[PDB]
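Some notes on the structure that comes next.
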Number of protein chains: 2
Amino acid sequence: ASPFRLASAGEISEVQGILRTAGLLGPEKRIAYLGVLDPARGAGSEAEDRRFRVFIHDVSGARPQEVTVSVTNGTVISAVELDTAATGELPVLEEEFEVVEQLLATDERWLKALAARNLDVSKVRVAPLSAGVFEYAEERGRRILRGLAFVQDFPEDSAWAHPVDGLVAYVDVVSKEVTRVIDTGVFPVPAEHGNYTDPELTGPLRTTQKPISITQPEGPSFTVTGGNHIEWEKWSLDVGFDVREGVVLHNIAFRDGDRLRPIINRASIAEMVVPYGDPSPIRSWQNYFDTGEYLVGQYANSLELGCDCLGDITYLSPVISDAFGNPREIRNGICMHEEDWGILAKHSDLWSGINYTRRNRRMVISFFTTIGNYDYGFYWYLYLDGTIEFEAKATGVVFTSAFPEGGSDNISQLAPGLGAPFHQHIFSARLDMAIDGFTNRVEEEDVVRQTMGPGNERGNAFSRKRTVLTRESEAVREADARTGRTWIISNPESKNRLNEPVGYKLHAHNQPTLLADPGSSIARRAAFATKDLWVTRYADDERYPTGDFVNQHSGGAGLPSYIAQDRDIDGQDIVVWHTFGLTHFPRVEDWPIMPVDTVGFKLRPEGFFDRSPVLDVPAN
Amino acid sequence: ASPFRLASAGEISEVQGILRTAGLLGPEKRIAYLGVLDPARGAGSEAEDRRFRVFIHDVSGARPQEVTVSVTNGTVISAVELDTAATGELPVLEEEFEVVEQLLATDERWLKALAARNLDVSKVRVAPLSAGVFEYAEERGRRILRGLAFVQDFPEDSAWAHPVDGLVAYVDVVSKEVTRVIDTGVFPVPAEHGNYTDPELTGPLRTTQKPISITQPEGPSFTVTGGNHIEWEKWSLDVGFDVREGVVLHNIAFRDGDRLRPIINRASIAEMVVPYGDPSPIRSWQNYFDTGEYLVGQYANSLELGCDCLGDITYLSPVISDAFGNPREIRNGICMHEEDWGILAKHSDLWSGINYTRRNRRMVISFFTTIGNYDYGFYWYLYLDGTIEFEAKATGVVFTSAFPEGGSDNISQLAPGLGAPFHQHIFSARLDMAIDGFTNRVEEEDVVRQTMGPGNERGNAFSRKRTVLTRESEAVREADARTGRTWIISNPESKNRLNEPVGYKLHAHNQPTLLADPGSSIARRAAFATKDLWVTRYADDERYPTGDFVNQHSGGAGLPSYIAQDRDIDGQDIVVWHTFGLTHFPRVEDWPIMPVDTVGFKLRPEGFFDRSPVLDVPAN
Ligand code: 11R
Ligand code: 11R
Ligand SMILES: [Cu+2]
Ligand SMILES: [Cu+2]
Ligand code: NA
Ligand code: NA
């Protein structure tokens, strides 16, 4: 019955049928994006209307459309033709991945480049890479992918070991034409293999790891109802999935006594971008918006038990649309489990003689996606004590280049002749806040040092200050780790028993934000990534920090456009957008397959509860 | 046979016998500190000499002594009388804890203060609190403790709920005299109880938590030999224990192929301080050096299976000296276990068709200590991929005060009338580095932004810079989170296969450092805490960032004195001292017993290995 239930195969097939019936999904049409829309504010009273949003591409060269369908009512709500030169190209289609290599394989310029390097065209893989927006006027309004080449010596070879530097091509994937082939000169193609399952490289596998068995003999402590509604240790939420954002959490709330208290209305990773810091023209255009351009949900892995997710696991298998509107299941695409998390609280008291220890646990909701060379795990955690956390785990194979003779200020060496250009992985978490309901505000809290003097004669005092962000113009904030800066989301109309507004505190990792020059294309297209925290007034059409159409789309949309409205955010329905990222100078240890590295953030209750919320946790 | 083995009960009894025989341990003498000394540099060649360092207090008022004993040879190596007014008082003795309350109970001034507040003296607990160094000239050369009062309504009551504000006393614990009683006025003693095992407060305990069973059917993957030598997944180390520092790691090394490669010679938490930020004269003197003044090892908890440490646990039970030189075992005082740590590396490749997933694990070595109201867990982690991490877990009961009518800039409210003064918990990790041996250097590495222009026409480039710290005068460094600042310890004489010096990178959390005014007593006594990173040239007598005797000791010793020597640290035997801490503005959720919060740091290999060190980890 829940309006927040996952899309079913039947709903997707029904959208297909509605579009077909309406004349919007003939044989030349392809679905580039399809997802369920969230219910409107105050929709709980009215009967449900399951609506789906669809981006439809046309392979014959006609203009694409944005369409909203009511699957409940069997109707098209709206359909509008898109001018992609203005509003952006549609996301990259899975079917376009192969096209770059295929077209290049019979292009005389490409073949000349490969022949100059004595490379067999049958062995040359070409990555289908998003193009961005640079100086090439002919690309405006065209669906372009750029191609970088990697040699695969045999079918099971890791092509990433053998980058073909000095060469890049640009391809129109609709007209099926190669627009440009740029050859700046030959570089040696690195020869060492990077085959991490080859015994020659691994050596004898370890026999020293004894089994770790994690079981729950009475099953898990969480329940799943309605397909995706989770209840666990006072927490209540719905686990959604979208082909763009991946796992999306809805209606995160905590049962405090008799009252179900909302905390976050919607939590997602609304964008992620990988900007590269190598000024070589072969890669200086490289910025992968894995979420906005590629759709990370689409490439979610099927996760194997005892391998990807360990313990007593409950899986969800979300359904997405293929290019033709047929449903496709991602079997075991979402993992859900609880795990022990060490000591929760402990005290051994010298006066009362009471010794007290309690254990912590967390609920984990995760997926793993693969975007070419990269593989990312997205993990949401709920803890017994009210803490909410997100963690991204970055692994896969590093994106490679040649390592220049005489070194580089922008590339590190991984193996003889093999380079890894410097880059960042920068995430935007969109948190549609609902601290005890929708009337919320944000304060920036800094530690305040105090001078020795009257009122502080020993020079020991310290304090803090809170500054309310009253309007969107004042709500674009930067980190200040030195002053312990955090941001508190509170409800000014809901007080705890000590007469203080209830709140949650966001604790950032204070990693560097976007490093690119502020006048670059990427600083404009990923403007969100230049600042740690943004707060907007909620609006139904302000979904992504980069806007709806990121592919080959200049600045003009997204967060900078939203905040120009300068709306009241002091005790209103607000959205926090937190930028956080990893700055990666690849190390030799990252090669030939990279150990996981992490980044994230958390929010902790801050006078939300009237005392510790875990006094009722039992011993042992 | 290992010279790094834990002290045995026999060794401690033998030190006692040697001291007795030498005339140094008569009936008026008490042992305030006893610990084994590490072997001298280059001692491996010579036969072993187990030496012990002892601080001996005299209850009759005579001067204390510092003594070094050779237990192997049955000799006193050295014995020197200490002038405590100059070099500092000895650590607080466990037997002195009760003395403050006992002396105050018959003092007319104290009784008058309690009577003004209608408090039964039999119900008033007095915390035995370190005194520091302030304006009281009579305290110089005397062993003083200060007393703050807390009412205990009945034997099992949590006295922390009932602070008696406006009152503090100072006591000479040797002459057994009350030197001062200060009463600045009555405050209401908060009345609500804080009894976290009382059903009235907890309510009905949860019945929703289903068991999590963690077992190892073939036992653990680590071995313990020689009592405390651990081998686990290529790692080699010795687990030491000292009554001051607690768990100390020695000889951390990694077996890379056939070669045992040193990484860290000695790792410890060499100090921890809890400075309070309330300018009230009742607490403005409050700074607890839990390590230096109280000795955190002494109060290590006995850790219960399935409660404190979960899984297949191997315990060590370290032996310490009581006040008379008799051995006392801390049963199950150190936990050792390995645990699963999620995904280690993962890639699903679109060209090779190979799908690869490997799991991570970490070895955990921990203890938990209790210092009055506070309880801290100290955790060291070794990971499969070469990462070394420390984490402190802070819990217990928050130190309380009255909450002032009309609020406070330096105290938060926890319950009606109940306050928690702001404070920090600041740790110093002393890492005696040995990256591939002892010839090491430290570089500070910052991200470098680049301007759009020639050589960077698209404004995408970014880089980094490394600055070698050549001498101790240049080696007192601060965090810069905005520029992604880290510190690399390398061996300039040991290169990896790419001809780059092998190294490890220290990743700090960049939390605020000491907030007190730089002219305060605490800024001088805890000078280490004002800066994030210090590097010294190794010396056998430079053990603690605060010197050997912290109790009632002014500035003059410790790190500022060590670095004045301005020694060469560029390719030498060096020591890194990392300051890291928690700044605590207590929340209502911290009351009546606080959920764990954490802080720490890690070091990751940085061109130490010739490729990923975990290619030989098997599937599943
Ligand atoms: C942004 N950026 C930097 C970047 C950089 C590069 C690329 C890029 O683009 C974005 C790419 C995003 C997509 C990434 C998701 C991961 C894709 C993985 C490939 C999908 C796939 C597609 C096809 N196949 Ru098959 N196969 C066998 C074992 C394991 C497999 C894993 C995956 C297979 C696959 C397997 N197969 C079936 C039977 C016998 C042999 C084989 C082989 C041999 C060698 C390779 C693959 N397979 N297969 C081959 C031919 C036809 C059909 C077929 C099938 C059908 C169903 C299942 C498996 N295979 C972006
Ligand atoms: C820096 N700062 C802010 C600060 C602030 C405040 C203080 C402070 O000082 C530093 C203090 C550092 C020391 C902290 C370490 C923790 C000390 C814990 C107290 C030790 C202790 C000391 C004594 N006893 Ru008992 N006892 C029973 C159960 C559980 C117990 C736990 C601990 C017991 C204890 C227990 N006992 C035995 C038999 C019957 C009843 C009892 C009771 C009842 C009520 C309380 C305690 N006990 N006991 C009582 C009397 C005589 C002997 C005795 C023993 C002997 C052996 C074991 C247990 N007990 C510093
Ligand atoms: Cu990376
Ligand atoms: Cu604290
Ligand atoms: Na909101
Ligand atoms: Na060293």
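Chain lettering (A, B, ...) mirrors the order of the structure tokens, residue numbering begins at 1 for each chain separately, and ligand numbering begins at 1 in order of display.
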
- request: Return as a list in words the residues of protein, DNA or RNA that approach ligand 6 to within 8 Å, with only C-alpha atoms and all ligand atoms taken into account.
  value: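 Taking only C-alpha atoms and all ligand atoms into account, the residues around ligand 6 at most 8 Å away are residues 264, 265, 431, 432, 433, 434, 438, 439, 440, 537, 538, 572, 573, 574 and 575 of chain B.
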
- request: Dump the neighbourhood of ligand 4 as a PyMOL selection string: all residues within 8 Å, distances computed on only C-alpha atoms and all ligand atoms.
  value: chain B and resi 274+394-395+398-399+422-425+582-586

message: Using only C-alpha atoms and all ligand atoms, which residues of the polymer chains come no farther than 6 Å from ligand 1? I'd like the answer as a PyMOL selection string.
response: (chain A and resi 97+127-129+288+299+370-373) or (chain B and resi 348-350+352-354)

Output file for the residues above (C-alpha atoms, as a compact mmCIF listing (two decimals), in the first residue's frame):
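Produced file part_8.txt, reproduced below:
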# COMPACT_ATOMS: atom_id res chain seq x y z
CA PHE A 97 29.25 2.20 -24.97
CA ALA A 127 36.41 3.65 -23.40
CA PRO A 128 33.16 5.56 -24.10
CA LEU A 129 33.81 8.71 -22.13
CA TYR A 288 32.96 11.84 -15.08
CA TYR A 299 25.19 -0.47 -13.13
CA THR A 370 30.69 -0.31 -11.53
CA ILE A 371 31.38 2.57 -13.88
CA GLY A 372 34.07 1.44 -16.35
CA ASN A 373 37.29 1.15 -14.33
CA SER B 348 33.86 -6.14 -12.39
CA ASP B 349 35.53 -5.58 -15.75
CA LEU B 350 33.53 -4.80 -18.92
CA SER B 352 37.89 -9.01 -19.61
CA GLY B 353 34.65 -10.37 -18.15
CA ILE B 354 36.48 -11.02 -14.86

message: When you look at stretch 211-218 of chain A with a cut-off of 9 Å (counting only C-alpha atoms), what residues show up, excluding the ones that are within fewer than 4 positions of it in the same chain? I need them as a list in words.
response: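 Listed by chain and then number, they are residues 310, 311 and 312 of chain A; 210, 211, 212, 213, 214, 215, 216, 217, 218, 219, 220, 221, 338, 339 and 340 of chain B.
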
Using the selection just defined, write its residues with C-alpha atoms as a compact mmCIF listing (two decimals), in the first residue's frame.
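Saved to again.txt:
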# COMPACT_ATOMS: atom_id res chain seq x y z
CA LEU A 310 28.66 -11.08 4.99
CA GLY A 311 26.29 -12.28 7.70
CA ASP A 312 22.53 -12.75 7.75
CA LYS B 210 18.27 -10.92 18.17
CA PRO B 211 21.66 -12.55 18.74
CA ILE B 212 24.70 -11.96 16.57
CA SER B 213 27.12 -14.89 16.78
CA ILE B 214 30.73 -14.36 15.70
CA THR B 215 32.85 -17.50 15.77
CA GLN B 216 36.02 -18.89 14.28
CA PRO B 217 35.54 -22.66 13.97
CA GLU B 218 39.26 -23.27 13.21
CA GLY B 219 40.48 -20.65 15.72
CA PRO B 220 42.09 -17.28 14.94
CA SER B 221 44.52 -16.56 12.08
CA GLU B 338 40.78 -10.35 14.20
CA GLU B 339 37.58 -9.16 12.57
CA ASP B 340 36.06 -8.90 9.15

Can you list every residue of chain B that has an atom at most 10 Å from ligand 2, with its nearest atom pair and the distance in Å to one decimal, using only C-alpha atoms and all ligand atoms, ordered by chain then number, as CSV?
residue,atom,partner,partner_atom_place_in_ligand_line,distance
B:92,CA,ligand 2,10 (C),8.7
B:93,CA,ligand 2,10 (C),9.3
B:94,CA,ligand 2,12 (C),7.2
B:96,CA,ligand 2,9 (O),9.1
B:97,CA,ligand 2,9 (O),6.0
B:98,CA,ligand 2,9 (O),8.9
B:125,CA,ligand 2,6 (C),9.4
B:126,CA,ligand 2,6 (C),7.8
B:127,CA,ligand 2,6 (C),4.4
B:128,CA,ligand 2,8 (C),5.3
B:129,CA,ligand 2,1 (C),5.5
B:130,CA,ligand 2,1 (C),6.8
B:147,CA,ligand 2,6 (C),9.1
B:148,CA,ligand 2,6 (C),8.7
B:149,CA,ligand 2,6 (C),9.8
B:150,CA,ligand 2,6 (C),9.9
B:155,CA,ligand 2,44 (C),6.5
B:156,CA,ligand 2,44 (C),7.0
B:160,CA,ligand 2,6 (C),9.5
B:273,CA,ligand 2,1 (C),9.7
B:274,CA,ligand 2,1 (C),8.5
B:286,CA,ligand 2,3 (C),8.2
B:287,CA,ligand 2,1 (C),8.1
B:288,CA,ligand 2,1 (C),5.2
B:289,CA,ligand 2,1 (C),7.6
B:290,CA,ligand 2,1 (C),6.5
B:293,CA,ligand 2,1 (C),8.8
B:294,CA,ligand 2,10 (C),7.0
B:295,CA,ligand 2,12 (C),9.1
B:296,CA,ligand 2,12 (C),8.6
B:298,CA,ligand 2,13 (C),8.4
B:299,CA,ligand 2,15 (C),5.2
B:300,CA,ligand 2,15 (C),7.7
B:301,CA,ligand 2,15 (C),7.7
B:369,CA,ligand 2,15 (C),7.4
B:370,CA,ligand 2,15 (C),4.8
B:371,CA,ligand 2,12 (C),4.2
B:372,CA,ligand 2,7 (C),3.5
B:373,CA,ligand 2,5 (C),5.4
B:374,CA,ligand 2,3 (C),7.1
B:375,CA,ligand 2,14 (C),8.7
B:398,CA,ligand 2,3 (C),9.3
B:399,CA,ligand 2,3 (C),6.9
B:400,CA,ligand 2,3 (C),10.0

How close does each residue of stretch 503-541 of chain A get to stretch 453-459 of chain B, giving the shortest atom pair and distance in Å to one decimal for every residue with an atom at most 7 Å away, counting only C-alpha atoms, sorted by chain and residue number, as JSON lines?
{"residue": "A:516", "atom": "CA", "partner": "B:459", "partner_atom": "CA", "distance": 5.9}
{"residue": "A:517", "atom": "CA", "partner": "B:459", "partner_atom": "CA", "distance": 4.9}
{"residue": "A:519", "atom": "CA", "partner": "B:459", "partner_atom": "CA", "distance": 6.9}
{"residue": "A:520", "atom": "CA", "partner": "B:459", "partner_atom": "CA", "distance": 5.0}

Go ahead and write the selection's residues with C-alpha atoms as a PDB file, in the first residue's frame.
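Once written, out-v4.pdb looks like this:
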ATOM      1  CA  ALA A 516      40.057  23.249 -10.409  1.00  0.00           C
ATOM      2  CA  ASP A 517      40.513  26.916 -11.218  1.00  0.00           C
ATOM      3  CA  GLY A 519      37.155  29.848 -14.296  1.00  0.00           C
ATOM      4  CA  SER A 520      37.238  26.279 -15.608  1.00  0.00           C
TER       5      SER A 520
END

task: Write out as a ChimeraX atom specification the residues lying within 9 Å of residue B:386, counting only C-alpha atoms and excluding same-chain residues fewer than 6 positions away.
output: /B:235,254,603-605,613-614

I need the chosen residues saved as a short mmCIF file (atom, residue, chain, number, x, y, z; two decimals), in the first residue's frame, with C-alpha atoms.
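After the write, part-v9.cif holds the following:
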data_model
loop_
_atom_site.label_atom_id
_atom_site.label_comp_id
_atom_site.auth_asym_id
_atom_site.auth_seq_id
_atom_site.Cartn_x
_atom_site.Cartn_y
_atom_site.Cartn_z
CA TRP B 235 52.42 -8.48 10.30
CA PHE B 254 55.51 -6.50 7.66
CA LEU B 603 49.05 5.70 8.54
CA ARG B 604 48.85 4.19 5.07
CA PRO B 605 51.72 2.85 2.95
CA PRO B 613 50.36 -6.08 -0.89
CA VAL B 614 47.02 -8.00 -0.95
#

message: Excluding residue A:512 and its own-chain neighbours fewer than 5 positions away, which residues fall within 10 Å of it when counting only C-alpha atoms? Please give them as number ranges by chain.
response: A: 424, 426, 479, 529-532, 579-583; B: 447, 480-485

field: atom CA of residue B:539 to atom CA of residue B:41, straight-line distance in Å
entry: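 Atom CA of residue B:539 lies 9.9 Å from atom CA of residue B:41.
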
query: Could you pull the residues within 8 Å of residue B:332, counting only C-alpha atoms, minus those fewer than 2 positions along the same chain, as a count of residues only?
result: 9
